[PDB]
Structures are given as C-alpha cells and as structure tokens.
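First comes the structure, then the notes that go with it.
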Amino acid sequence: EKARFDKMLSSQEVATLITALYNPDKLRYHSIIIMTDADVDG
DNA sequence: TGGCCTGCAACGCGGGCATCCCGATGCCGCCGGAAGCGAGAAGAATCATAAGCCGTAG
C-alpha cells in the first residue's frame with residue numbers, strides 16, 4: 001500500500017515459485033507454513 | 001534693512017450705446033468608420049504525484 005506499482009519488483013521469487021501469478025491453474029504447495037522468530041521484528 | 005501696499009491728484013482711454021456684416025449653427029439629406037460583443041486562441045500559474053536525506057533496525 002505504501003508504494004503500489006505493478007513494475008516494482010526486487011525478488012519476485014515467492015510469487016514465481018508458489019504460483020504463476022491466475023492462481024487456479026497452478027496450485028503447487030497447497031500447504032505453506034511460516035516460521036518466524038519470537039522478537040518484535042519477527 | 002529693504003521692498004510691498006496703498007492714499008492721492010493728474011493724465012489717459014476704455015466701457016457703454018447704436019448698428020450692419022459675418023461666421024457659427026440647427027436642420028436635412030447623405031455617406032462612412034470605428035465597435036463591441038461574442039467567440040476563439042495563447043500564456044501564466046497553483047494543485048497533485050513519485051523520493052531522499054536524516055539514524056537505527058531487520
């Protein structure tokens with residue numbers, strides 16, 4: 001929301017690897033889990 | 001200390017009255033020249049959009 005741009009991209013690895021970016025075709029990795037540290041930055 | 005203002009008597013000519021000629025003027029017919037209103041075009045300006053640095057944090 002702070003900077004919305006369809007061209008702005010740095011990694012793009014997550015969306016490229018989970019789906020094709022639209023998603024009903026490729027539904028690979030139906031189960032995802034996000035492990036994160038217990039600090040405030042986590 | 002020097003010059004402006006004014007009373008006064010003598011010289012001077014202009015105001016007042018009469019009048020015919022002249023030039024402006026109102027009127028009428030006729031010709032012309034900005035105008036101004038709307039409309040189209042150009043330049044000037046203030047609001048709205050994308051960071052950059054400051055210093056820690058990942």
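By convention in this document, the chains of the structure tokens carry letters A, B, ... by their order, each chain's residues are numbered from 1, and ligands are numbered from 1 in the order they are shown.
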Please give the complete set of residues from chain A that DSSP, run on the backbone, assigns to helix (DSSP H, G or I), formatted as a short mmCIF file (atom, residue, chain, number, x, y, z; two decimals) with N, CA and C atoms, in the first residue's frame.
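Writing done, so here's part.cif:
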data_model
loop_
_atom_site.label_atom_id
_atom_site.label_comp_id
_atom_site.auth_asym_id
_atom_site.auth_seq_id
_atom_site.Cartn_x
_atom_site.Cartn_y
_atom_site.Cartn_z
N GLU A 13 10.63 -13.90 -6.19
CA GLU A 13 10.83 -15.34 -6.11
C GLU A 13 9.64 -16.05 -5.50
N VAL A 14 9.02 -15.44 -4.48
CA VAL A 14 7.92 -16.10 -3.78
C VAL A 14 6.75 -16.34 -4.72
N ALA A 15 6.28 -15.28 -5.39
CA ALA A 15 5.14 -15.41 -6.29
C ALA A 15 5.47 -16.27 -7.50
N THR A 16 6.72 -16.24 -7.96
CA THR A 16 7.11 -17.08 -9.09
C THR A 16 7.13 -18.55 -8.72
N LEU A 17 7.53 -18.88 -7.49
CA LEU A 17 7.66 -20.27 -7.08
C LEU A 17 6.37 -20.86 -6.54
N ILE A 18 5.47 -20.05 -5.98
CA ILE A 18 4.25 -20.62 -5.42
C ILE A 18 3.19 -20.82 -6.51
#
What are the closest atom pairs, with distances in Å to one decimal, for each residue of chain B lying within 10 Å of chain A, using only C-alpha atoms (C1' of nucleotides), rows by chain and rising residue number, as CSV?
residue,atom,partner,partner_atom,distance
B:50,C1',A:3,CA,9.4
B:57,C1',A:41,CA,8.2
B:58,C1',A:41,CA,6.8
